[PDB]
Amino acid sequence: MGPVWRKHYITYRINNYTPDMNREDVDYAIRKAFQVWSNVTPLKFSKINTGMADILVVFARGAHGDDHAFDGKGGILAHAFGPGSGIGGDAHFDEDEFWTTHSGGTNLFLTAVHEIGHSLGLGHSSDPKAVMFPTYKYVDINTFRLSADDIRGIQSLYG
């Protein structure tokens, strides 16, 4: 078992907003992505605008201040740090992607589900059905379900 948050109340903050989407659509996608994980664990997530936010959500491009530089449009879509203080837990999204509420460009919701999985301590899954599989693929939000493997993984960390 890798690092996990040692509390069940976890805050997040949206540092900045991609211009690709309306602001309310970014809020909604991120909120719904957290809800995917709280639906199957004892964890609760609250959005705050300053202060001690555990998970900082950031949109940035190329070299952006950590050791995980982005690569322009395509390739790496986002990355996130596992539980820990400071940069720990933070989720970074490559602004060179075109973020969407839908199937065009890169769907922010699904990518956020994957990245939050990392922010909570999950590694990649070798199961192609799992949201933690390494490669992105689109599916409608209304049809999306965590896989049994994703649920096994997150419940092994938090119950």
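Residues carry their position along the shown sequence, with the first being 1. Each form is matched to the other, and the largest set of C-alpha atoms that superpose within 1.5 Å is called the rigid core.
Between 105-113 and 50-58, larger RMS Cα displacement in 6 other deposited structures of this protein after core fit: This comes out as 50-58, the stretch further from the shown form in 6 other deposited structures of this protein.
Taking RMS over all structures and residues, which stretch has CA atoms farther from the shown form in 6 other deposited structures of this protein, 92-100 or 61-69, after a rigid core fit? Between the two stretches, 61-69 moves farther in 6 other deposited structures of this protein.
If you average the Cα B factors in the entry, which is higher, 51-59 or 96-104? If you average the C-alpha B-factors of 96-104 and of 51-59, the larger mean comes out for 96-104.
Taking only the CA atoms, which stretch has the higher mean B-factor in the record, 7-15 or 133-141? Result of the comparison: 133-141.
Per the coordinate record, which of the options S46, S119, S126, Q35 holds the highest CA temperature factor? Reading the PDB entry, the winner on C-alpha B-factor is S126.
Taking the C-alpha B-factors as the PDB entry records them, is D149 in the lowest, middle or highest third of its chain? Answer is middle: the recorded C-alpha B-factor places it there.
Considering every modelled residue of the chain and its Cα B-factor in the PDB entry, is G82 in the lowest, middle or highest third? Tercile = lowest for this residue's CA B-factor.
Sorting by Cα B-factor within the chain, modelled residues only, which third would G75 end up in: lowest, middle or highest? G75: CA B-factor falls in the middle third of its chain.
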